[PDB]
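Data first, discussion second: the structure below is written as structure tokens.
No Cβ is skipped: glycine too gets one built from the backbone with ideal geometry, and neighbour counts run over all protein chains shown. Since every read-out is calculated from the coordinates, none of them should be taken as a lab result.
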Amino acid sequence: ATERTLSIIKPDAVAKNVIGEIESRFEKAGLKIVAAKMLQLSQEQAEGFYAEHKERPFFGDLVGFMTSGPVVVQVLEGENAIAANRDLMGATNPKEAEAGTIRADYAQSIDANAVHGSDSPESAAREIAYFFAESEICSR
Amino acid sequence: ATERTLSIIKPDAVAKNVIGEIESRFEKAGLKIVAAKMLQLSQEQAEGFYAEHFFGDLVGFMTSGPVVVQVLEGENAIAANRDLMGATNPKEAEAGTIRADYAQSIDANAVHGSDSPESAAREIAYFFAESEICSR
């Protein structure tokens, strides 16, 4: 059945002005943007969201980047969306993503990998709540 | 000059999931999405926004479903957004313009766009706080 997952278009993608194309990959895969907003995270906001990695070697560098510029945080909804959005995205590391994946077409380095998406139902619920209030989401 | 303008992707376009295609239109035209949010407009919100004004029809459509409100920035953005959208009525908009390509009627014309400098500032400020617009 249908589900909702969190997707972030990251600073690097935002700065390349490729929001439309990426957004079209989602839409044309059958997923619908049911909640979205552009913003710039703060040191604290980035750290809250990525708390899971709070003691890994790239945490400091990740926070830096996810806060370095604006992003489009958004909720994608559709049939089996969590798994779907992962298929669209490709490997976290761009040099491993099959051709045609957002991460392979729009990014070079794992630092600046274009997009984020949730990896499970449990993190999908957590992440959506982090950035959106239920009344903000306009299921359609 | 580098101006800003208000853009809305109206319910009809959002309903058919073409947010990508229209967004790519602006970006490729040289415009930049410098602030955005999806949201369902309430009665007052729509009436509030359409302050300088069939009215009951406009309001009715503009609230029939979710929309994406946003600020576009870049050289001559206000009129470029206009030349891009095409004529307000799609039954007359030149081929290629957003409205001809996505729009059915003048009642559901896919997009909206600050019609002037004075209308832009008003329109932008109504939906967005300055701190939600991050130029680049």
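Here each label is just a point 7 Å from Cα along the line to Cβ, and for B:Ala129 and A:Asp119 those points are 3.3 nm apart. Taking the centroid of alpha carbons for each part, the range B:41-76 and the range A:55-91 are 31 Å apart.
Taking 0.36 nm per residue of separation and subtracting the Cα-Cα distance, what length does fully extending B:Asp83 through B:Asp107 add? Difference between extended and current length: 6.7 nm. Placing +1 on each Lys and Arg Cβ and -1 on each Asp and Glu Cβ, with no other charges, gives the range B:44-136 a dipole about its Cα centre of roughly 200 debye. Remark on the protein assembly as shown: Rg and Dmax equal 18.5, 60 Å (Cα only). If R0 is taken as 22 Å, the Cβ-Cβ distance between A:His53 and A:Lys95 corresponds to a FRET efficiency of 0.60.
Take the Cα of B:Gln43, step 7 Å toward its Cβ, do the same at A:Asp61, and the gap between the two points is 5.6 nm. What residues of the range B:53-80 lie in the reach of a label at B:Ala29, counting those whose backbone N is under 11 Å from a point 7 Å from the Cα along Cα→Cβ? Those under the cut-off are B:72-73, B:77-80.
Inter-chain neighbour count for A:132-140: the average number of beta-carbon atoms from partner chains within 10 Å of each residue's beta-carbon is 3. Exposure proxy shown here: for B:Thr97, B:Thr88, A:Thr2, the number of other Cβ atoms within 10 Å sets the order, fewest to most, as A:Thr2, B:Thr88, B:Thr97. Take each residue in B:63-69, count the other chain C-beta atoms within 10 Å of its C-beta, and the mean is 2. Given the -39500 (n - 2.57) contribution per DSSP H run of 4+ residues, what per-residue ellipticity at 222 nm results for the protein assembly as shown, rounded to the nearest 500 deg cm²/dmol? Only helices count here, giving -10500 deg cm²/dmol.
Available extension along the chain between A:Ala15 and A:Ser139 is 41.8 nm, counting 0.36 nm per residue and deducting the alpha carbon span. Counted over chain A with a bin width of 10 Å, the fraction of Cα pairs per bin, in whole percents, is 12, 45, 37, 5, 0.
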